[PDB]
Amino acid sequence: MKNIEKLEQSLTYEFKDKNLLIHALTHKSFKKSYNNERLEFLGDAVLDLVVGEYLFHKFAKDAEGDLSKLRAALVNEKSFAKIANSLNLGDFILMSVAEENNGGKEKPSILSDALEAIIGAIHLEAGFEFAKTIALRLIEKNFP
């Protein structure tokens, strides 16, 4: 994949298995029996823990507060698509010609899914703590 090195610089994480990252960037329309849906499923749960944990510590000395609402605001499709657009994910997602023609590169659900899949892939290769640091930095940079 061309310019993939630039995605890695943006994340500050370089994959040991480049095919894992490619897997994460493969939209379901692209190739039969090979896509990011499962990595997205895992990534979603990783981010739920990254964000829930961050909120538990940051709002610890405050009995008032709905951490669930605070989390939902941070991990929803719109926020994740914004983070993904900051990484120019649209340029790296592999999808069919027809899906590109259908505006697949800016679909927030496609962008959001791919970000989640990248975080799940980092968790698999480097572990939760490493994925957490990468995710928290992306969140910080987009929602100071």
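Numbering starts at 1 and follows the sequence shown.
Higher average CA B factor: 50 to 58, of the stretches 111 to 119 and 50 to 58.
Here the stretch with the larger average CA B-factor, out of 14 to 22 and 129 to 137, is 14 to 22. When the Cα B-factors of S68, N85, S29, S79 are read from the PDB record, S68 comes out highest. Ranked by Cα temperature factor within the chain, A63 sits in the highest third according to the deposited record. Among the modelled residues of its chain, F41 has a C-alpha B-factor that falls in the lowest third, as given in the PDB entry.
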